[PDB]
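Engineer: In order, the protein sequences belong to chains D and C. The entry's author numbering puts the first residue of the first sequence at 868, with every later residue one more than the last. For the second sequence, the residue numbers in the entry's author numbering are 579 to 586, 610 to 626.
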Amino acid sequence: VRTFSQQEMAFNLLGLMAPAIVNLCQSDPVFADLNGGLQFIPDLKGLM
Amino acid sequence: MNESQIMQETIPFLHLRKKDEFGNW
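(1) Alpha carbon to alpha carbon, how far is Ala887 of chain D from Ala899 of chain D? Give it in angstroms, no decimals.
(2) Taking just the CA atoms, how far does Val889 of chain D sit from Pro896 of chain D?
(3) Taking only beta-carbon positions, decide if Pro886 of chain D is within less than 8 Å of chain E.
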C-alpha cells in the first residue's frame, strides 16, 4: 500500500484543481479517494 | 470491490445491519 510525501499529495490535490475535473464539479460533486489504498488494510489502527 | 461491472426478493421496513469488511451497513 502507498503513503505519500507532501510534495506528492500536493500534486495529487492540484490534480482536482485541473480544468478537467473542475467542470465535473460544476455539474456534480466529486469524491476523490486520494488514500494510498489503505482502505484494504482492516484494523490499520492495530497494525500500526 | 466492483459490484457495478459484475452485475450490470424482499427487504423489511425495519431491519438491523452489520458492517462489511469495508465498513458498510
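Built from N, CA and C at the ideal position, the CB exists for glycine as well.
Structural biologist: Taking the geometry as given:
(1) Here residue 899 of chain D refers to the residue found at position 32 of the first sequence. Here residue 887 of chain D refers to the residue found at position 20 of the first sequence. Each residue's alpha carbon lies about 14 Å from the other.
(2) Numbered from its first residue, the first sequence carries residue 896 of chain D at position 29. Numbered from its first residue, the first sequence carries residue 889 of chain D at position 22. In this structure, the alpha-carbon of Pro896 of chain D lies about 10 Å from that of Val889 of chain D.
(3) Given the protein chain composition of this structure (D and C), no chain E is represented.
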